[PDB]
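Below, in structure tokens: the form deposited in one PDB entry, a single chain.
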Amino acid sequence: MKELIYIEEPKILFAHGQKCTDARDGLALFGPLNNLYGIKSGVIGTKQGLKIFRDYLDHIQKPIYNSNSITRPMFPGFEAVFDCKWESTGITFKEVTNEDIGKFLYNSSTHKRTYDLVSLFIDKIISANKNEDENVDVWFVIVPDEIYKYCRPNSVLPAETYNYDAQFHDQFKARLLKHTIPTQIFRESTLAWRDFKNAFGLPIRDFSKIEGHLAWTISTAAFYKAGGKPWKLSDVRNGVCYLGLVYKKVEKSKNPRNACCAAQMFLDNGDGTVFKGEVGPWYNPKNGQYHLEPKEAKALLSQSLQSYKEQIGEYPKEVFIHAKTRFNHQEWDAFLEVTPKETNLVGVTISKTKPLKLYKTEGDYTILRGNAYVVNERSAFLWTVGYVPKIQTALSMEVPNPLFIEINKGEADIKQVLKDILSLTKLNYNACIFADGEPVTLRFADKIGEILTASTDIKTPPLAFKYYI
């Protein structure tokens, strides 16, 4: 008979040096780490986008209720939970003429009108940022739904501007990298979710029970993009530096141009936990292969180590590299070339797709989350998704597929690696959640990859995650 072990709860630190396990109530009862002053917002778009954004900012400061409060916590207001006022008074509105909008949705080609839209938004943003006496905190982007809906990559409307990407968000985020402006991209469908209906009398998707998490998620992401931190960890020990690595492909190009991006947990000596993406995209000319060349991987690891040392003062003993693919011999040689003298390296491979479904004998609820099945000394299943005793509900719907955490190379302890991986599932600032089904060290790198893919000429890339998330 085979045995199962349990991994202790990670817990997360909050204001006043308190501790808890759930991020939402850790913020609600105790507050965020720092204290902000205010947030200033500016809408780019039509007057309709202005109206929608003002309505959303008025709704965020007010209490939000659902049918049953057991499933999700309620929203009491952004200022009350973050201790900083942010409403529709510190606003800078930039018009977008409908006449200019109409003149671009006519070429029937996605490339030209997409590039024209990106330019017509970025020029207004830069003009407002430069030639105005106000100082907006976070620049907000509102996009009409139908125009982008017709801007799909493999779609048509029923050469200077033709050799570019066929997507809006990616190129738009890639073109604001050299300006270092915190820009947040909203589709009109998200915020104006109440003014869109159908000819049936009932919504297609039941959004009446996810309003609270929508509000929490957008508020946390915005507050992060304002320069504040909602929470951090309680037991980040010295010698810990998590580093991510995700692969992406550029699709429409002469060469396959495999795109690999990195993200990095580490300490900033301010008694906090600062997440910055020390990422400048590394290109793999070979087709189909998902292995960095020695040069690019060596550069990635050297940049991570230098960032840590210049951030803290000494090279950490241990480095964790969470990857979605396995490693080769020369790649590990490249990572070992810049490894400090008295240090060791661990590479965790997380193969998401593997068939293993477990059944409880009596109950219809799935396996408990923090369970761990030790196949061997260098292999284990960790149910990053599972039943949560804190909220008594199920994170996933169907039977979860446990992640296959393999210590691909190096020597470590399976218990410690699994505990650290479980801990890293709460440090996202996009959505204020309980725990993530995938480590954020393997997801924020992917979001970086999808952001900084549409263009490759950018020099001096942004560091913080306010820009990309």
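So that there is no doubt, residue numbering starts at 1 and follows the sequence shown. Take the two forms, superpose them, and find the largest set of C-alpha atoms that agree within 1.5 Å; that set is the rigid core.
Of the other structures of this protein that model both sides of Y164, a third or more give it no coordinates. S155, though modelled here, lacks coordinates in at least a third of the other entries of this protein that were compared and that model residues flanking it. Gap check for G201 to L202: zero deposited residues are absent from the model.
Although it is not shown, the form deposited in another entry is what the next lines describe.
No residue of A259, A221, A380, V81 other than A259 has its CA displaced by 2 Å or more between this form and the one not shown when the core is superposed.
Once both forms are overlaid on the rigid core, the distance between the two CA positions of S67 between this form and the one not shown is 2 angstroms or more. Put the two forms on the same core and the Cα of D206 is off by 2 Å or more between this form and the one not shown. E310 is not among the residues whose C-alpha shifts by 2 Å or more between this form and the one not shown once the rigid core is aligned; its shift stays under 2 Å. In that other deposited form, the CA atoms of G270 and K85 move apart by 3 angstroms or more relative to this form. Distance between the C-alpha atoms of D268 and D420: shorter by at least 3 Å in that other deposited form than in the displayed form.
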